[PDB]
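Enquirer: What follows is the file data-v3.tsv, containing TSV, C-alpha atoms:
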chain	number	residue	atom	x	y	z
A	296	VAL	CA	-21.61	-17.57	-23.29
A	297	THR	CA	-22.04	-19.17	-19.89
A	298	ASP	CA	-20.08	-19.91	-16.70
A	299	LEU	CA	-20.47	-16.46	-15.15
A	300	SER	CA	-17.26	-16.42	-13.12
A	301	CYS	CA	-16.83	-12.95	-11.67
A	302	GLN	CA	-13.31	-11.94	-10.71
A	303	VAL	CA	-13.87	-8.99	-8.41
A	304	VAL	CA	-10.34	-7.61	-8.29
A	305	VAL	CA	-10.84	-4.92	-5.65
A	306	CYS	CA	-13.67	-4.29	-3.22
A	307	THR	CA	-13.04	-0.59	-2.61
A	308	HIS	CA	-14.26	1.89	0.03
A	309	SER	CA	-15.55	3.83	-1.73
A	310	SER	CA	-15.52	6.75	-4.07
A	311	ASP	CA	-16.74	7.04	-7.64
A	312	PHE	CA	-17.49	3.45	-8.37
A	313	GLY	CA	-14.49	2.08	-10.17
A	314	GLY	CA	-13.89	-1.22	-8.46
A	315	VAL	CA	-12.74	-4.63	-9.62
A	316	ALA	CA	-14.99	-7.08	-11.48
A	317	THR	CA	-14.19	-9.59	-14.21
A	318	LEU	CA	-16.77	-11.97	-15.67
A	319	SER	CA	-14.89	-15.01	-16.93
A	320	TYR	CA	-17.42	-15.50	-19.69
A	321	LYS	CA	-17.06	-18.94	-21.20
A	322	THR	CA	-18.11	-17.68	-24.61
A	323	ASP	CA	-17.44	-18.58	-28.22
A	324	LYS	CA	-17.95	-15.12	-29.70
A	325	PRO	CA	-16.94	-12.01	-27.75
A	326	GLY	CA	-18.53	-8.71	-28.68
A	327	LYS	CA	-21.38	-6.60	-27.32
A	328	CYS	CA	-22.66	-8.36	-24.20
A	329	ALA	CA	-25.27	-7.37	-21.65
A	330	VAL	CA	-23.49	-5.60	-18.83
A	331	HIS	CA	-25.79	-3.76	-16.35
A	332	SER	CA	-26.00	-6.04	-13.37
A	333	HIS	CA	-29.07	-7.28	-11.51
A	334	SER	CA	-28.34	-5.94	-8.00
A	335	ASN	CA	-28.77	-2.46	-6.52
A	336	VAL	CA	-26.54	-3.14	-3.50
A	337	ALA	CA	-23.42	-2.08	-5.42
A	338	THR	CA	-23.44	0.36	-8.34
A	339	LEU	CA	-21.97	-1.02	-11.55
A	340	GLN	CA	-19.15	0.77	-13.30
A	341	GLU	CA	-19.76	0.20	-17.00
A	342	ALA	CA	-22.92	-0.38	-19.01
A	343	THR	CA	-22.10	-2.65	-21.94
A	344	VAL	CA	-19.75	-5.62	-21.78
A	345	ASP	CA	-16.84	-5.91	-24.14
A	346	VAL	CA	-17.06	-9.68	-24.21
A	347	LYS	CA	-13.71	-11.43	-24.50
A	348	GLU	CA	-14.60	-14.75	-26.08
A	349	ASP	CA	-14.03	-17.30	-23.32
A	350	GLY	CA	-12.41	-14.41	-21.53
A	351	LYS	CA	-12.47	-12.48	-18.32
A	352	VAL	CA	-14.28	-9.43	-19.61
A	353	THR	CA	-13.26	-6.89	-16.99
A	354	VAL	CA	-15.75	-4.45	-15.49
A	355	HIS	CA	-15.98	-1.72	-12.91
A	356	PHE	CA	-18.27	-2.06	-9.91
A	357	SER	CA	-18.62	0.19	-6.89
A	358	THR	CA	-20.43	-0.57	-3.65
A	359	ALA	CA	-19.66	1.10	-0.34
A	360	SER	CA	-21.33	-1.62	1.76
A	361	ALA	CA	-18.57	-3.44	3.66
A	362	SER	CA	-20.45	-6.78	3.41
A	363	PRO	CA	-20.75	-6.67	-0.38
A	364	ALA	CA	-22.32	-9.27	-2.65
A	365	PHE	CA	-22.21	-8.51	-6.37
A	366	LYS	CA	-24.79	-10.36	-8.44
A	367	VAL	CA	-24.47	-9.25	-12.05
A	368	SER	CA	-26.54	-9.94	-15.15
A	369	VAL	CA	-23.74	-10.95	-17.50
A	370	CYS	CA	-25.79	-11.07	-20.63
A	371	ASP	CA	-26.34	-14.81	-21.07
A	372	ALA	CA	-26.95	-15.31	-17.32
A	373	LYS	CA	-26.46	-13.95	-13.82
A	374	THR	CA	-23.05	-13.98	-12.09
A	375	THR	CA	-22.43	-14.52	-8.39
A	376	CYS	CA	-19.60	-13.00	-6.37
A	377	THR	CA	-19.00	-11.61	-2.89
A	378	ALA	CA	-16.06	-9.56	-1.65
A	379	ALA	CA	-15.60	-7.33	1.40
A	380	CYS	CA	-15.76	-3.71	0.23
A	381	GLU	CA	-12.88	-2.60	2.43
A	382	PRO	CA	-13.29	1.02	3.56
A	383	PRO	CA	-11.13	3.76	2.08
A	384	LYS	CA	-8.51	6.14	3.45
A	385	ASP	CA	-9.73	9.72	3.02
A	386	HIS	CA	-12.80	11.44	4.39
A	387	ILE	CA	-14.41	13.82	1.87
A	388	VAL	CA	-14.28	13.66	-1.91
A	389	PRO	CA	-16.08	14.25	-5.24
A	390	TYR	CA	-18.64	11.44	-5.24
A	391	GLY	CA	-19.69	7.79	-4.73
A	392	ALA	CA	-22.99	5.89	-4.85
A	393	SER	CA	-22.91	2.41	-3.35
O	247	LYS	CA	45.53	11.50	28.20
O	248	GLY	CA	45.06	7.73	28.27
O	249	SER	CA	42.49	5.49	26.50
O	250	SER	CA	40.37	7.22	23.86
O	251	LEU	CA	36.84	8.53	24.26
O	252	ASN	CA	35.56	6.82	21.13
O	253	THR	CA	38.40	4.30	21.42
O	254	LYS	CA	37.33	3.23	24.88
O	255	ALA	CA	33.74	3.81	23.78
O	256	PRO	CA	31.17	1.20	24.79
O	257	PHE	CA	27.81	1.20	22.99
O	258	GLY	CA	29.75	0.68	19.73
O	259	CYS	CA	29.62	4.34	18.76
O	260	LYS	CA	31.98	5.97	16.29
O	261	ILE	CA	33.32	8.80	18.43
O	262	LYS	CA	35.29	11.65	16.88
O	263	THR	CA	36.32	15.31	17.04
O	264	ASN	CA	34.81	18.82	17.14
O	265	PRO	CA	31.44	18.22	15.47
O	266	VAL	CA	31.45	15.75	18.21
O	267	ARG	CA	30.62	12.55	16.44
O	268	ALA	CA	29.16	9.67	18.38
O	269	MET	CA	27.42	8.01	15.48
O	270	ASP	CA	26.36	4.60	14.21
O	271	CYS	CA	26.06	3.54	17.84
O	272	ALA	CA	24.66	0.23	19.09
O	273	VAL	CA	21.96	2.24	20.80
O	274	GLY	CA	18.35	2.85	19.93
O	275	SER	CA	16.10	2.07	17.00
O	276	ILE	CA	14.65	4.25	14.28
O	277	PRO	CA	10.98	5.17	14.70
O	278	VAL	CA	9.34	6.49	11.55
O	279	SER	CA	6.02	7.61	10.10
O	280	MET	CA	5.84	7.27	6.33
O	281	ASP	CA	3.14	9.28	4.59
O	282	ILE	CA	3.14	7.03	1.53
O	283	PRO	CA	2.27	8.50	-1.87
O	284	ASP	CA	-0.51	7.32	-4.12
O	285	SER	CA	2.13	6.59	-6.75
O	286	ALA	CA	4.03	4.13	-4.55
O	287	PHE	CA	1.58	1.22	-4.93
O	288	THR	CA	0.58	-0.05	-8.37
O	289	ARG	CA	-2.99	-0.22	-9.64
O	290	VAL	CA	-5.72	-2.63	-8.57
O	291	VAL	CA	-6.06	-4.18	-11.99
O	292	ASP	CA	-2.70	-2.51	-12.68
O	293	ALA	CA	-0.81	-5.55	-11.42
O	294	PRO	CA	0.27	-8.45	-13.62
O	295	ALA	CA	-2.00	-11.48	-13.41
R	1	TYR	CA	-1.40	6.17	2.99
R	2	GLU	CA	0.73	6.76	6.08
R	3	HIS	CA	2.31	3.74	7.78
R	4	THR	CA	4.74	3.75	10.70
R	5	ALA	CA	7.58	1.57	11.95
R	6	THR	CA	10.77	1.46	14.01
R	7	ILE	CA	13.79	-0.44	12.76
R	8	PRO	CA	17.17	-1.42	14.26
R	9	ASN	CA	18.87	1.95	14.46
R	10	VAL	CA	22.42	0.71	14.04
R	11	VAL	CA	23.87	1.53	10.65
R	12	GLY	CA	24.31	-1.65	8.70
R	13	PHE	CA	20.70	-2.81	8.42
R	14	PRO	CA	18.33	-2.81	5.46
R	15	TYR	CA	14.92	-1.79	6.71
R	16	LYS	CA	12.08	-2.64	4.34
R	17	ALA	CA	8.28	-2.45	4.50
R	18	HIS	CA	5.89	-4.18	2.09
R	19	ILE	CA	2.81	-2.11	2.88
R	20	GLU	CA	-0.01	-1.68	0.38
R	21	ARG	CA	-3.62	-0.67	0.98
R	22	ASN	CA	-6.70	-1.83	-0.91
R	23	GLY	CA	-6.32	-1.03	-4.60
R	24	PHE	CA	-2.87	0.44	-4.25
R	25	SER	CA	-0.43	-2.32	-5.15
R	26	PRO	CA	1.92	-3.93	-2.57
R	27	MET	CA	4.17	-1.06	-1.65
R	28	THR	CA	7.54	-2.59	-0.94
R	29	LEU	CA	10.18	-0.14	0.28
R	30	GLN	CA	13.77	-0.49	1.50
R	31	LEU	CA	15.23	2.20	3.73
R	32	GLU	CA	18.75	2.25	5.18
R	33	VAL	CA	20.43	4.29	7.90
R	34	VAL	CA	23.84	5.97	8.03
R	35	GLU	CA	25.73	7.82	10.79
R	36	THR	CA	24.06	9.77	13.60
R	37	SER	CA	26.66	11.71	15.75
R	38	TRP	CA	25.82	12.21	19.41
R	39	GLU	CA	27.32	15.57	20.52
R	40	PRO	CA	25.33	16.61	23.61
R	41	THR	CA	24.62	20.05	25.05
R	42	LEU	CA	28.19	20.62	26.10
R	43	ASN	CA	29.73	23.61	27.84
R	44	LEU	CA	33.50	23.97	27.84
R	45	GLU	CA	35.54	24.18	31.01
R	46	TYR	CA	39.22	24.92	31.48
R	47	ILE	CA	41.73	25.44	28.68
R	48	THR	CA	44.67	23.83	30.53
R	49	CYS	CA	48.32	24.09	29.47
R	50	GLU	CA	51.64	24.81	31.17
Take the structure in the file and write it out as structure tokens.
Expert:
Amino acid sequence: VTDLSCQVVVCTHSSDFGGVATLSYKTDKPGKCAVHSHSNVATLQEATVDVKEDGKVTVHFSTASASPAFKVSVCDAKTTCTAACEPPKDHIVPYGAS
Amino acid sequence: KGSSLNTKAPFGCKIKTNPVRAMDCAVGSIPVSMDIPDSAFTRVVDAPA
Amino acid sequence: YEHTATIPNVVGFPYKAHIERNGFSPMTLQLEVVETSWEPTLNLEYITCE
């Protein structure tokens, strides 16, 4: 696949990581794709990539940094995206990492 | 006993007897604070595309 | 998760608020108002007849 078009659906606060990502992988054969993303600024949600062939393979991604930039390693390449991780509502909770 | 209390009512209120109704008036607004539930909004990827 | 407003308090108005936060979907709502009788702190005086 190529064309690493990341559709970061929500840039959360946030909590346990969760948040929106979707690599629009221009691929001919979906399957097991490399998921774990090359940037420690926001913690990734999932580990492998269910690759929709030519599809927006969705993914979780959680970063608490309000000026977020998510640079993933979507198996056949990197993937660039940046969304504002808009801060959440509550104050104290189970966990988060980003 | 001339013109009515609600009947000569200004402020557009519906005036009326013992539970002394002056209601639906043309007076005032409605302030409100709505503690919205989690279930009121849909999901983040829960929406249609 | 807690918005606030103030609508036209005459009966005969649809209030509505399309408030959603991040990740919660767009929370449309439509409130209405019905009657609101005035009835102040009244104290009766004389019980006049013939």
Enquirer: What's around residue A:298 at 8 Å? Count all atoms listed in the file, leave out sequence neighbours fewer than 5 positions away in its own chain, and write the answer as JSON, numbers by chain.
Expert: {"A": [319, 320, 321]}
Enquirer: Enclose the full set of atoms of stretch 10-28 of chain R listed in the file within a box whose edges lie along x, y and z, apply 4 Å of padding to each of the six sides, and report centre and edge lengths in Å to one decimal as AutoDock Vina command-line options.
Expert:
--center_x 8.8 --center_y -1.3 --center_z 4.4 --size_x 39.0 --size_y 13.7 --size_z 27.2
Enquirer: Which residues are near residue R:18? Cut-off 8 Å, all atoms listed in the file, ignore same chain within fewer than 5 positions. Put them as number ranges by chain.
Expert: R: 26-29
Enquirer: How would the residues just chosen look if you wrote them out with C-alpha atoms as a short mmCIF file (atom, residue, chain, number, x, y, z; two decimals), in the coordinates of the input?
Expert:
data_model
loop_
_atom_site.label_atom_id
_atom_site.label_comp_id
_atom_site.auth_asym_id
_atom_site.auth_seq_id
_atom_site.Cartn_x
_atom_site.Cartn_y
_atom_site.Cartn_z
CA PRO R 26 1.92 -3.93 -2.57
CA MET R 27 4.17 -1.06 -1.65
CA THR R 28 7.54 -2.59 -0.94
CA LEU R 29 10.18 -0.14 0.28
#
Enquirer: Give as JSON, numbers by chain every residue of chain A that touches chain O within 9 Å, counting only C-alpha atoms.
Expert: {"A": [304, 305, 314, 315]}
Enquirer: Need to verify the contact set: residue A:383, 8 Å, only C-alpha atoms, exclusion of same-chain residues closer than 6 positions in sequence. Can you return it as a PyMOL selection string?
Expert: (chain A and resi 307-309) or (chain R and resi 22)
Enquirer: Could you save the residues just selected, with C-alpha atoms, as a CSV table (one decimal), in the coordinates of the input?
Expert:
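Output saved as part-v7.csv:
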chain,number,residue,atom,x,y,z
A,307,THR,CA,-13.0,-0.6,-2.6
A,308,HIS,CA,-14.3,1.9,0.0
A,309,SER,CA,-15.6,3.8,-1.7
R,22,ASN,CA,-6.7,-1.8,-0.9
Enquirer: Please identify all residues of chain R having at least one atom at most 10 Å from any atom of chain O, considering all atoms listed in the file, and return them as a PyMOL selection string.
Expert: chain R and resi 1-12+15+18-29+33-40+42
Enquirer: Which residue, A:328, A:296, A:303, A:337, has the smallest gap to chain R when you use all atoms listed in the file?
Expert: A:303
Enquirer: As an exercise, work out the distance from atom CA of residue O:295 to atom CA of residue A:317 in Å and give it to one decimal place.
Expert: 12.4 Å
Enquirer: What does the distance between atom CA of residue A:299 and atom CA of residue A:375 come to in Å, to one decimal place?
Expert: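 Rounded to one decimal, the two atoms are 7.3 Å apart.
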Enquirer: Add whatever atoms are absent from stretch 326-353 of chain A to reach N, CA and C atoms, and provide the output as a PDB file, in the frame of the given file.
Expert:
ATOM      1  N   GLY A 326     -17.944  -9.820 -27.945  1.00  0.00           N
ATOM      2  CA  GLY A 326     -18.530  -8.710 -28.680  1.00  0.00           C
ATOM      3  C   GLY A 326     -19.248  -7.751 -27.763  1.00  0.00           C
ATOM      4  N   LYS A 327     -20.497  -7.455 -28.120  1.00  0.00           N
ATOM      5  CA  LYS A 327     -21.380  -6.600 -27.320  1.00  0.00           C
ATOM      6  C   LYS A 327     -22.199  -7.548 -26.446  1.00  0.00           C
ATOM      7  N   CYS A 328     -21.931  -7.524 -25.143  1.00  0.00           N
ATOM      8  CA  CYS A 328     -22.660  -8.360 -24.200  1.00  0.00           C
ATOM      9  C   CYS A 328     -23.410  -7.499 -23.197  1.00  0.00           C
ATOM     10  N   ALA A 329     -24.443  -8.089 -22.604  1.00  0.00           N
ATOM     11  CA  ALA A 329     -25.270  -7.370 -21.650  1.00  0.00           C
ATOM     12  C   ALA A 329     -24.524  -7.229 -20.322  1.00  0.00           C
ATOM     13  N   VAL A 330     -24.450  -5.981 -19.856  1.00  0.00           N
ATOM     14  CA  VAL A 330     -23.490  -5.600 -18.830  1.00  0.00           C
ATOM     15  C   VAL A 330     -24.144  -5.248 -17.497  1.00  0.00           C
ATOM     16  N   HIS A 331     -25.130  -4.334 -17.523  1.00  0.00           N
ATOM     17  CA  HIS A 331     -25.790  -3.760 -16.350  1.00  0.00           C
ATOM     18  C   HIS A 331     -26.438  -4.796 -15.438  1.00  0.00           C
ATOM     19  N   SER A 332     -25.971  -4.837 -14.190  1.00  0.00           N
ATOM     20  CA  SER A 332     -26.000  -6.040 -13.370  1.00  0.00           C
ATOM     21  C   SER A 332     -27.208  -6.012 -12.439  1.00  0.00           C
ATOM     22  N   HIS A 333     -27.775  -7.181 -12.181  1.00  0.00           N
ATOM     23  CA  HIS A 333     -29.070  -7.280 -11.510  1.00  0.00           C
ATOM     24  C   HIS A 333     -28.982  -7.200  -9.998  1.00  0.00           C
ATOM     25  N   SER A 334     -28.393  -6.136  -9.452  1.00  0.00           N
ATOM     26  CA  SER A 334     -28.340  -5.940  -8.000  1.00  0.00           C
ATOM     27  C   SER A 334     -28.029  -4.496  -7.628  1.00  0.00           C
ATOM     28  N   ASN A 335     -28.921  -3.870  -6.848  1.00  0.00           N
ATOM     29  CA  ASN A 335     -28.770  -2.460  -6.520  1.00  0.00           C
ATOM     30  C   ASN A 335     -27.891  -2.218  -5.305  1.00  0.00           C
ATOM     31  N   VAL A 336     -27.340  -3.278  -4.710  1.00  0.00           N
ATOM     32  CA  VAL A 336     -26.540  -3.140  -3.500  1.00  0.00           C
ATOM     33  C   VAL A 336     -25.181  -2.521  -3.795  1.00  0.00           C
ATOM     34  N   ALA A 337     -24.659  -2.718  -5.004  1.00  0.00           N
ATOM     35  CA  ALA A 337     -23.420  -2.080  -5.420  1.00  0.00           C
ATOM     36  C   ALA A 337     -23.588  -1.564  -6.842  1.00  0.00           C
ATOM     37  N   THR A 338     -23.232  -0.297  -7.053  1.00  0.00           N
ATOM     38  CA  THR A 338     -23.440   0.360  -8.340  1.00  0.00           C
ATOM     39  C   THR A 338     -22.403  -0.144  -9.334  1.00  0.00           C
ATOM     40  N   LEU A 339     -22.867  -0.493 -10.529  1.00  0.00           N
ATOM     41  CA  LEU A 339     -21.970  -1.020 -11.550  1.00  0.00           C
ATOM     42  C   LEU A 339     -21.142   0.110 -12.138  1.00  0.00           C
ATOM     43  N   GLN A 340     -19.981  -0.244 -12.672  1.00  0.00           N
ATOM     44  CA  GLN A 340     -19.150   0.770 -13.300  1.00  0.00           C
ATOM     45  C   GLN A 340     -19.627   1.025 -14.720  1.00  0.00           C
ATOM     46  N   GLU A 341     -19.507   0.021 -15.582  1.00  0.00           N
ATOM     47  CA  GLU A 341     -19.760   0.200 -17.000  1.00  0.00           C
ATOM     48  C   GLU A 341     -21.156  -0.291 -17.345  1.00  0.00           C
ATOM     49  N   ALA A 342     -21.542  -0.111 -18.611  1.00  0.00           N
ATOM     50  CA  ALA A 342     -22.920  -0.380 -19.010  1.00  0.00           C
ATOM     51  C   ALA A 342     -23.020  -1.522 -20.000  1.00  0.00           C
ATOM     52  N   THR A 343     -22.166  -1.533 -21.018  1.00  0.00           N
ATOM     53  CA  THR A 343     -22.100  -2.650 -21.940  1.00  0.00           C
ATOM     54  C   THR A 343     -20.910  -3.512 -21.531  1.00  0.00           C
ATOM     55  N   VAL A 344     -20.841  -4.716 -22.083  1.00  0.00           N
ATOM     56  CA  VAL A 344     -19.750  -5.620 -21.780  1.00  0.00           C
ATOM     57  C   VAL A 344     -18.987  -5.893 -23.066  1.00  0.00           C
ATOM     58  N   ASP A 345     -17.747  -5.425 -23.120  1.00  0.00           N
ATOM     59  CA  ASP A 345     -16.840  -5.910 -24.140  1.00  0.00           C
ATOM     60  C   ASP A 345     -16.520  -7.351 -23.797  1.00  0.00           C
ATOM     61  N   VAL A 346     -17.102  -8.268 -24.556  1.00  0.00           N
ATOM     62  CA  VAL A 346     -17.060  -9.680 -24.210  1.00  0.00           C
ATOM     63  C   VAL A 346     -15.817 -10.245 -24.869  1.00  0.00           C
ATOM     64  N   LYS A 347     -14.840 -10.629 -24.051  1.00  0.00           N
ATOM     65  CA  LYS A 347     -13.710 -11.430 -24.500  1.00  0.00           C
ATOM     66  C   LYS A 347     -14.221 -12.856 -24.607  1.00  0.00           C
ATOM     67  N   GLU A 348     -14.040 -13.444 -25.791  1.00  0.00           N
ATOM     68  CA  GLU A 348     -14.600 -14.750 -26.080  1.00  0.00           C
ATOM     69  C   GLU A 348     -13.866 -15.804 -25.275  1.00  0.00           C
ATOM     70  N   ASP A 349     -14.594 -16.420 -24.342  1.00  0.00           N
ATOM     71  CA  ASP A 349     -14.030 -17.300 -23.320  1.00  0.00           C
ATOM     72  C   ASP A 349     -13.090 -16.534 -22.399  1.00  0.00           C
ATOM     73  N   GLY A 350     -13.401 -15.273 -22.129  1.00  0.00           N
ATOM     74  CA  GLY A 350     -12.410 -14.410 -21.530  1.00  0.00           C
ATOM     75  C   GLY A 350     -12.965 -13.740 -20.305  1.00  0.00           C
ATOM     76  N   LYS A 351     -12.066 -13.315 -19.434  1.00  0.00           N
ATOM     77  CA  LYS A 351     -12.470 -12.480 -18.320  1.00  0.00           C
ATOM     78  C   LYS A 351     -12.666 -11.097 -18.911  1.00  0.00           C
ATOM     79  N   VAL A 352     -13.893 -10.796 -19.294  1.00  0.00           N
ATOM     80  CA  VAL A 352     -14.280  -9.430 -19.610  1.00  0.00           C
ATOM     81  C   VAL A 352     -14.266  -8.680 -18.296  1.00  0.00           C
ATOM     82  N   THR A 353     -13.369  -7.708 -18.188  1.00  0.00           N
ATOM     83  CA  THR A 353     -13.260  -6.890 -16.990  1.00  0.00           C
ATOM     84  C   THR A 353     -14.446  -5.940 -16.907  1.00  0.00           C
TER      85      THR A 353
END
